[PDB]
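Worksheet: one structure, shown below.
For this chain, numbers begin at 1 and follow the sequence in order.
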Amino acid sequence: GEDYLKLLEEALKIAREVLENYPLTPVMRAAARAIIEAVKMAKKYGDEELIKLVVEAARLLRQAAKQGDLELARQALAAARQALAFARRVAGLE
């Protein structure tokens with residue numbers, strides 16, 4: 001119902017923009033790197049919950065970059081880390 005592939009493309013877009021635009025803000029770059037790895041896992045496995053975790057991580061980082069809400073970068077990083085752990089569980093369970 002939602003073009004998840006479109007949302008994942010936009011997740012890569014915001015993450016790579018943040019990497020280039022925040023050279024002296026480590027929490028923003030950490031969130032961006034975790035989102036890029038999580039998008040790769042979402043495309044590898046396709047699990048809807050994994051995809052939703054990555055999309056939410058990207059939404060949080062996008063808001064951090066647009067509004068300057070740096071504490072949302074911590075939330076973005078945690079959501080992307082949960083996506084990676086979800087992906088590792090899929091690999092360990094299936």
How close do [X] and [Y] get, counting heavy atoms only, and between which atoms?
X: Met41; Y: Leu50; value: O-CD2, 3.7 Å
X: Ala15; Y: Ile35; value: CB-CG2, 4.1 Å
X: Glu2; Y: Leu7; value: CG-CD1, 3.9 Å
X: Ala73; Y: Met28; value: CB-SD, 3.6 Å
X: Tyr45; Y: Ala91; value: OH-CB, 3.3 Å
X: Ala64; Y: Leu72; value: CB-CB, 4.1 Å

*How about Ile14 and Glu17: do any of their side-chain heavy atoms sit closer than 4.5 Å?*
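The answer is yes, as the side chains (C-beta and beyond) meet within the 4.5 Å cut-off.
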
Exercise. Does the side chain of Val54 come within less than 4.5 Å of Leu8's, by heavy atoms?
Worked result: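 Yes, close enough: below the 4.5 Å cut-off.
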
Partner residues of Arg33 under the side chain to side chain contact (heavy atoms under 4.5 Å, CB included) criterion, sequence neighbours left out: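 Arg33 satisfies side chain to side chain contact (heavy atoms under 4.5 Å, CB included) with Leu19, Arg29 only.
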
Under the side chain to side chain contact (heavy atoms under 4.5 Å, CB included) rule, collect the residues that match up with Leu77, sequence neighbours excluded.
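If we apply the side chain to side chain contact (heavy atoms under 4.5 Å, CB included) test to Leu77, skipping adjacent residues, the hits are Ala30, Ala31, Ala34, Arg81.
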
Between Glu71 and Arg74, is there a salt bridge with N-O shorter than 4.0 Å?
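Answer for the salt bridge query: no.
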
Is the side chain of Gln82 donor-acceptor paired with the backbone N or O of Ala78 at a distance under 3.5 Å, no angle test?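 Pair found, side chain donor or acceptor close to backbone of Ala78.
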
List the steps and the verdict of side-chain contact (heavy atoms from CB on, under 4.5 Å) for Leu5 and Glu9. CA-CA 6 Å; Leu5 282 156; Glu9 176 185 359; over 6 Å; no

TODO: Can you measure from CG (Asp47) to CZ (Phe86) and round to the nearest 0.5 angstrom?
DONE: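 CZ of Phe86 is found 5.0 Å from CG of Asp47.
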
